[PDB]
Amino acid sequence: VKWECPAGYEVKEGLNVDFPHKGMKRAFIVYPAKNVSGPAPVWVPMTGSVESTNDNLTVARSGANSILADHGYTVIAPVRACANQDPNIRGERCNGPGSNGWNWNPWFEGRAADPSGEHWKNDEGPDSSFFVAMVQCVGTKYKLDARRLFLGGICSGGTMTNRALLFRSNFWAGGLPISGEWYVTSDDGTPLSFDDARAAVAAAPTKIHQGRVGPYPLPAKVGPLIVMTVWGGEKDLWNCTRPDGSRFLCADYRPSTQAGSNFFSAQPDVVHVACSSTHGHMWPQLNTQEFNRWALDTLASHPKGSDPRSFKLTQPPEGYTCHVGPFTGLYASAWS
């Protein structure tokens, strides 16, 4: 890791605006770690399609992620590009289909189903690179632990976490993709409809599935990481909204969390923890802060480069079931 900022950019505690990156002006919020001497672990939380970055950071039901600073983590939260640097924007001009080859507008987290997404098959996108530049810049003002840079999020933020881990596995130490998409495709990269992608995983629940969320094809080997994928249970689904206001099912996180767990579990230098709950499709609701503390501290117990064989999972808060490896309680096993 290299600690550097765009020439003349002065990082500060709180809201940072007009951060220059790839022709765009970005913003992010910093909460320095509390009760920590020396380099502090980093948490980069990302909101979803409707919740504002401020909601994700300060509202209990949305995760109140800024509170992790009180837990000894320097929190660096990026604002969505669609929000035009406003940390309070919710779904306005963000909650909907993406443009310029992107599938969803909240984050540059997946290539579109049509040919315009072709280029994103092997270009991480401006969000993935922005987060790296963001952390590297904050690191010039606050002492950050280069072996403990973690990012995560819910919904589209979870999808973005998946993409970031696949394209920058040599930077991040790990992540927490909570109910994020994988956008499963055929092995040859052909985009699949929601229904077809859903059926593909159901027909082969233990295989590694390609996906529009990452590079095509997925990398044969990624850098050292610890990834904790979270599924919200039977109700972990997302209903899109048509221009006329009507709603319709457009995402099921059972296949996407399964697919992610399959890929990361197969990786030799990646410790994958699969967690299941029953809160649905939103930030973990049961013992929320207990979960945030447990999850981040679990990730921090595996600094980048650590031997996966040395990892020791501890019991999660009541309301969660987790274990190392791919998900197992989502689809019936073959031997069954």
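Start at 1 and count along the sequence shown; that's the residue number.
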| query | finding |
| --- | --- |
| Which of 176 to 184 and 219 to 227 has higher mean CA B factor, as the PDB entry lists it | 219 to 227 |
| Mean Cα B-factor comparison, 324 to 332 or 7 to 15, giving the higher one as deposited | 7 to 15 |
| Residue of maximum C-alpha B factor among 38, 284, 45, 303, per deposited coordinates | 38 |
| Most elevated Cα B-factor in the entry, residues 108, 167, 264, 238 | 238 |
| Residue 51 - which third its CA temperature factor falls in, relative to the rest of the chain | lowest |
| Third of the chain, ranked by Cα B-factor, where residue 80 sits | lowest |
| Third of the chain, ranked by Cα B-factor, where residue 119 sits | highest |
| Residue 193, C-alpha B-factor rank within chain (lowest, middle or highest third) | middle |
| Cα B factor band for residue 294 (lowest, middle or highest third within the chain) | lowest |
